[PDB]
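See structure below.
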Amino acid sequence: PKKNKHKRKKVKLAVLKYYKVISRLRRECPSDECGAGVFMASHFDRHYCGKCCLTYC
Amino acid sequence: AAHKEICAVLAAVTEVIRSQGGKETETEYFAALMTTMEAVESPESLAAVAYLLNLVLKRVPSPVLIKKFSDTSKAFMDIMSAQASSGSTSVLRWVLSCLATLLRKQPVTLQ
Amino acid sequence: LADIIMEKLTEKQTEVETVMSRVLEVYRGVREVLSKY
RNA sequence: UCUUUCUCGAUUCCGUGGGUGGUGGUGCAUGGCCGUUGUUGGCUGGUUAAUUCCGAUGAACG
Ligand SMILES: [Zn+2]
C-alpha cells in the first residue's frame, strides 16, 4: 500500500509542437500577465492557460 | 493619538477657546452656526458643534443668556423635535447637556 | 455674518481634510476555514 | 493518485555503501535570572435598575 511519488513524463521535444516550418499552431491567451508565447492547451473538449488559470470551453 | 494632545478638546478648549476673540464669552459663534443646525441633518458634524457649545456655554454669559434665552430655546425645541423625528443619540445627548447648562444659568422656561 | 462663518467653517473642514490626508463575506468564510483547516 | 498536454526552468533526481549521521533522546561541569529561607501617602462607543457591562486609557520612610 506504499504511495509512489508522481513522476513527470519526460516528453521528447516539448518545444516542437507550437510552430510550423512561422505561425502559432496553438492559441494565445489574451490576459494581461500572459501573452506573446504563452501557448494554450487544447484538450479534446477545452482550452486551458497553464499560468493564470484561464478557462475556455 | 489626537485626543490626548494638549491642543485638543481635552484641556485647551475648556480654558482658552472660551475666550472668543480675547473676551469670554461670545455666543456669536453659536448664533452664527444656526445655518448649520438648520436644514442640515448630517451626523458627526452636528455632534461636534453641539459638544463645543456644551463646553463653551458653562462660562457664564448670564445677561446675554437672559436676553436671548428665547432664541436659544426655540433653537433647542426645533433641534429636539428634528432629532426625535430622526433618531440619533450623540447630538441629542449634548443638546440635553447645553439645555442643562442654560437652565442652570438662568412661562416659556417651564416649557 | 452667519453665511460668512459657515464659509469659514467649510474652509476649515477642507483644510482639516487636506491636513489629515461581497469579498469580505467570502474571505471571512475562508478565514474560518483556514483557522481550523 | 489515473489520463490530456500548458507552463517553471538547474531552484536538479536515480542507484549502491555495514562510511558517518541529526529538527533526534539522554547525564555531567558550566554563565546569567526568579521566588525562597515592614511603614506611610496617591472617557468617543454601544450596554444595565444602577458610578452596571465590556470597549480606549505615581510616590516616598526605615
Ligand atoms: Zn496566460
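In the C-alpha cells, the first chain shown is A, the next is B, and so on; residue numbers restart at 1 for each chain, and ligands run from 1 in the order shown.
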
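With only C-alpha atoms (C1' of nucleotides) and all ligand atoms as the atoms that count, the set of residues no farther than 12 Å from ligand 1 is residues 27, 28, 29, 30, 31, 32, 33, 34, 35, 36, 37, 38, 39, 40, 41, 47, 48, 49, 50, 51, 52, 53, 54, 55 and 56 of chain A; 6 and 7 of chain D.
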
Can I get the selected residues back with C-alpha atoms (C1' of nucleotides), as a PDB file, in the first residue's frame?
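Dumped everything to selection06.pdb:
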ATOM      1  CA  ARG A  27      -3.915  29.760 -29.417  1.00  0.00           C
ATOM      2  CA  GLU A  28      -2.625  32.725 -27.409  1.00  0.00           C
ATOM      3  CA  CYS A  29      -4.133  33.658 -24.060  1.00  0.00           C
ATOM      4  CA  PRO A  30      -5.472  37.248 -24.128  1.00  0.00           C
ATOM      5  CA  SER A  31      -4.801  38.130 -20.490  1.00  0.00           C
ATOM      6  CA  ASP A  32      -2.538  40.924 -19.266  1.00  0.00           C
ATOM      7  CA  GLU A  33       0.122  38.865 -17.473  1.00  0.00           C
ATOM      8  CA  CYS A  34       0.197  36.145 -20.157  1.00  0.00           C
ATOM      9  CA  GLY A  35       0.837  36.556 -23.864  1.00  0.00           C
ATOM     10  CA  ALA A  36       3.355  36.535 -26.723  1.00  0.00           C
ATOM     11  CA  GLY A  37       4.420  32.936 -26.223  1.00  0.00           C
ATOM     12  CA  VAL A  38       2.064  31.545 -23.567  1.00  0.00           C
ATOM     13  CA  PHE A  39       0.546  28.798 -25.695  1.00  0.00           C
ATOM     14  CA  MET A  40      -2.884  27.431 -24.996  1.00  0.00           C
ATOM     15  CA  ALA A  41      -3.500  23.795 -24.036  1.00  0.00           C
ATOM     16  CA  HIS A  47      -8.559  25.010 -23.749  1.00  0.00           C
ATOM     17  CA  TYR A  48      -6.502  25.967 -20.671  1.00  0.00           C
ATOM     18  CA  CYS A  49      -3.786  28.521 -19.874  1.00  0.00           C
ATOM     19  CA  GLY A  50      -1.139  26.991 -17.628  1.00  0.00           C
ATOM     20  CA  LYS A  51      -0.043  30.141 -15.771  1.00  0.00           C
ATOM     21  CA  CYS A  52      -3.010  32.219 -14.552  1.00  0.00           C
ATOM     22  CA  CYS A  53      -5.738  29.523 -14.914  1.00  0.00           C
ATOM     23  CA  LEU A  54      -7.712  30.886 -17.873  1.00  0.00           C
ATOM     24  CA  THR A  55     -10.587  28.615 -18.869  1.00  0.00           C
ATOM     25  CA  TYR A  56     -12.388  28.391 -22.202  1.00  0.00           C
TER      26      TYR A  56
ATOM     27  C1'   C D   6       0.176  24.075 -20.846  1.00  0.00           C
ATOM     28  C1'   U D   7       3.648  26.388 -18.141  1.00  0.00           C
TER      29        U D   7
END

Report task. Please provide as number ranges by chain all residues within 8 Å of region 4-18 of chain B, with the sequence filter that same-chain residues fewer than 2 positions apart are discarded (counting only C-alpha atoms (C1' of nucleotides)). Result -> B: 1-2, 20, 24-25, 55-56, 59

Would you save the residues from that selection as a compact mmCIF listing (two decimals), in the first residue's frame, using C-alpha atoms?
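Below you can see out-v8.txt, which holds the result:
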# COMPACT_ATOMS: atom_id res chain seq x y z
CA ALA B 1 -3.42 59.82 19.29
CA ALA B 2 -5.07 63.24 18.91
CA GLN B 20 -13.93 84.06 21.92
CA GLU B 24 -15.14 85.29 27.34
CA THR B 25 -17.61 84.68 26.10
CA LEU B 55 -18.28 73.07 26.86
CA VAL B 56 -18.22 76.79 25.96
CA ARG B 59 -18.52 80.21 31.28

Requested in this report: Give the residues of chain D that lie within 12 Å of chain A; count only C-alpha atoms (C1' of nucleotides), and format the answer as a ChimeraX atom specification.
Outcome: /D:1-8,13-14

Near chain B, which residues of chain C fall within 7 Å when you count only C-alpha atoms, and what do they look like as a compact mmCIF listing (two decimals) with C-alpha atoms, in the first residue's frame?
# COMPACT_ATOMS: atom_id res chain seq x y z
CA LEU C 1 -22.25 87.10 9.11
CA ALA C 2 -23.69 83.61 9.66
CA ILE C 5 -18.99 81.95 9.38
CA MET C 6 -20.39 78.90 7.57

For chain D, which residues have at least one atom within 12 Å of chain B, if we go by only C-alpha atoms (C1' of nucleotides)? Write them as a PDB file with C-alpha atoms (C1' of nucleotides), in the first residue's frame, please.
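Full text of selection-v3.pdb as output:
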ATOM      1  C1'   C D  43     -13.849  58.765  28.951  1.00  0.00           C
ATOM      2  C1'   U D  44     -15.501  58.936  21.765  1.00  0.00           C
ATOM      3  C1'   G D  45     -18.913  53.974  21.614  1.00  0.00           C
ATOM      4  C1'   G D  46     -22.827  50.955  22.335  1.00  0.00           C
ATOM      5  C1'   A D  56      -9.808  53.187  24.742  1.00  0.00           C
ATOM      6  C1'   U D  57      -6.915  54.616  28.982  1.00  0.00           C
TER       7        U D  57
END

**Report entry** Atom pair CA of residue 45 (chain A) / CA of residue 25 (chain A): separation (Å)
**Finding:**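 Separation between CA of residue 45 (chain A) and CA of residue 25 (chain A): 17.3 Å.
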
Query - Computed interatomic separation between CA of residue 49 (chain B) and CA of residue 82 (chain B) (Å) - result: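 Result for CA of residue 49 (chain B) versus CA of residue 82 (chain B): 16.3 Å, one decimal.
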
Query raised in the report: Which polymer residues have any atom within 9 Å of an atom of residue 91 (chain B), counting only C-alpha atoms (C1' of nucleotides), with same-chain residues fewer than 5 positions away left out, as a ChimeraX atom specification?
Result: /B:43-44,46-51,79,83,96

Report task. Write down as a ChimeraX atom specification the residues of region 10-39 of chain A whose backbone DSSP state falls under strand (DSSP E or B). Result -> /A:19,24,28,39

Could you write out that same residue set with C-alpha atoms as a compact mmCIF listing (two decimals), in the first residue's frame?
# COMPACT_ATOMS: atom_id res chain seq x y z
CA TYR A 19 5.32 26.20 -34.65
CA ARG A 24 1.42 29.79 -33.81
CA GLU A 28 -2.62 32.72 -27.41
CA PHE A 39 0.55 28.80 -25.69
